[PDB]
């Protein structure tokens, strides 16, 4: 009843506020409005404006697929964090509604969101350890124990999301961000995020093709499990130093995912029995037979123990891809 009036109060201003306010306001985003969820990012006289109240680093780098994430500093508090720019016309509400209010070490925290013209600027914690995606290029591929250690942590994050009926929609090494020392990993980029109970309808944006599940490619309905398929495509990416299918095929990798059997052949034979079996559960074509996050996280935990826990260093010597 009063919801109408609360939305109006938030509009036209940037305020220090709370996740529930941000979600309400964000829904209006299909001149300077927004909510900041942390003390460290303060608006000034109802405003928070690029190059006035917050400065993007003048060296200027570009993280993310579209060079859309940047290092930034709030001019007054001097607090540093990251900003994802989303085009306003493309902006999907779920990216925040999923992300907002979430408290978990396996998820990158949201610090707020502010609209300014054709942009939505989404603020978040800065992780200086880079992406798992960068780690793989850097070190070619990863050792079995490291690989399991991280997949487990990704799976821990997916549990959290699925308990709240949220689908990440694009699980992939690029979207797993590491800490300074590399002991902790967290999921980021909820730009394909959905709420749960068909998939292919209208304003929906699809994930990475190589990491895409069969039910999605074909078009059957989808559940939490589509993330599980991706997470294991990512497992393989960590082990072999390249995405599945790419080594074996050139033209349209989608039709290959549907017709061909799961790419379990890409599991290096030198993996332990359980490591291989865990991945096999995760990549079963049919969601009903495929494992859930809870089931796979448990199996992955076991496989790590089975190879004597996390031995190998965080910056081991480069290993050759397959």
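The term rigid core refers to the maximal set of C-alpha atoms that superpose within 1.5 Å between the two forms. Positions refer to the first chain, counted from 1.
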>> Once everything is fitted on the core, do the CA positions of 43 to 51 or those of 59 to 67 lie farther from the shown form in 8 other deposited structures of this protein?
In response: 59 to 67
> Once the rigid core is matched, which of the two stretches, 241 to 249 or 129 to 137, lies farther off on average in 8 other deposited structures of this protein by C-alpha?
Replying inline: 241 to 249
> Checking the other PDB entries that cover both flanking residues: does residue 202 lack coordinates in at least a third?
Replying inline: yes
>> Between residue 270 and residue 271, how many residues of the deposited sequence have no coordinates in this entry: none, 1 to 3, 4 to 9, or 10 or more?
In response: none
> Which class fits the unmodelled deposited stretch between residue 197 and residue 198: none, 1 to 3, 4 to 9, or 10 or more?
Replying inline: 4 to 9
> So 166 to 174 or 241 to 249, which one's hotter by mean CA B-factor in the entry?
Replying inline: 241 to 249
> Do the C-alpha atoms of 31 to 39 or of 257 to 265 have the higher average B factor in the entry?
Replying inline: 257 to 265
>> Looking at 313, 301, 12, 17, which one carries the largest C-alpha B-factor according to the PDB entry?
In response: 313
>> Can you tell me which of 69, 288, 296, 44 has the maximum CA B-factor listed in the PDB entry?
In response: 288
>> Could you place residue 182 in the lowest, middle or highest third of its chain by Cα temperature factor, using the values in the record?
In response: middle
> How does residue 79 rank on Cα B-factor within its chain, lowest, middle or highest third?
Replying inline: middle
> Hey, what third does residue 104 fall into on Cα B-factor, ranked over its chain?
Replying inline: middle
> What third of its chain's C-alpha B-factors does residue 153 belong to: lowest, middle or highest?
Replying inline: lowest
>> Based on the deposited C-alpha B factors for this chain, I'd like to know if residue 64 is in the lowest, middle or highest third.
In response: lowest
